[PDB]
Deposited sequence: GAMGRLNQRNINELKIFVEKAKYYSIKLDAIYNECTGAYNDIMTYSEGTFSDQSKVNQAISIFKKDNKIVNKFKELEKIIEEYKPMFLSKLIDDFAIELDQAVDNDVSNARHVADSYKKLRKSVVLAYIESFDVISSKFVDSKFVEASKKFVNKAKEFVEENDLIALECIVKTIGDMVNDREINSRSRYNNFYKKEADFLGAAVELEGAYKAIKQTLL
């Protein structure tokens, strides 16, 4: 009982603390999208420099990734802090001396999404209830497959379903994208099995 209540509370605490993880990552994508496209496209020396300047400006973008890193500080994967600094360093050399900056940005974003899943994986691995542990492995697998198809959409669905589960709201298994993403529906079905296993833990407390 002590262990299960601790398990539940740990998860609930993480989820609530990270409830803006998807909104905030979307905010980064929206601000950098015009700059990303111009680097990828005009790699025109002027436009490439102005795109670079928008990424670097006031170290704001890097600081937004550092903020996401901090939200999951207790669980974050060991590589994350490094990818962030590696991106900062590359951006700084491009300012001083550009497709590699944009590619590094994209890699980082996906790794930020995988870091939320990694955090959830760590926490769920502590659970003493074996059916929850199993449903969690299946969830994680389906989540990574959805991320390979689209990292920001995957993260948004992951954050929403897990949030719903921990606030006692029924998961919706109907596609919110008209079934355009091939991996959405299997992910939602795994979240429904996870919810059922989590329900069972909850209503024995």
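Stretches of the record's deposited sequence for which the structure holds no C-alpha atoms: No C-alpha for residues 1-3, 47-51, 106-109, 218.
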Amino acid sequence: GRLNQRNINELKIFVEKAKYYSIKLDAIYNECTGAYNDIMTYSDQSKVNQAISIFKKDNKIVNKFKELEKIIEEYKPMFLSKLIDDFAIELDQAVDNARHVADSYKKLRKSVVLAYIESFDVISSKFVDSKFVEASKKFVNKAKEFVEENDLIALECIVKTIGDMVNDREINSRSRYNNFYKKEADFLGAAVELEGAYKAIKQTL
From here on, numbers count along this sequence of modelled residues.
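Given 155-163 and 46-54, the range whose Cα B-factors average higher in the PDB entry: Looking at the record's C-alpha B-factors, the answer is 46-54.
Residue stretch of maximal mean CA temperature factor, 24-32 vs 172-180: Stretch with the greater average CA B-factor: 172-180.
Options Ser111, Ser104, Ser119, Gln93 - largest CA temperature factor per the record: Among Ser111, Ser104, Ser119, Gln93, the highest C-alpha B-factor in the entry belongs to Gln93.
Per the PDB entry, maximal CA B factor within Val147, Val140, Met40, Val62: Each of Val147, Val140, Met40, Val62 was compared by C-alpha B-factor; the highest is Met40.
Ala98, C-alpha B-factor rank within chain (lowest, middle or highest third): According to the entry, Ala98 has a C-alpha B-factor in the chain's highest third.
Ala115, C-alpha B-factor rank within chain (lowest, middle or highest third): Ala115: CA B-factor falls in the lowest third of its chain.
Third of the chain's Cα B-factor distribution that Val128 belongs to, per the entry: As the PDB entry reports it, the C-alpha B-factor of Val128 lands in the highest third of its chain.
Chain third (lowest, middle, highest) by recorded CA B-factor, residue given as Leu83: It falls in the middle third of the chain.
Cα B factor band for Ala135 (lowest, middle or highest third within the chain): As the PDB entry reports it, the C-alpha B-factor of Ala135 lands in the lowest third of its chain.
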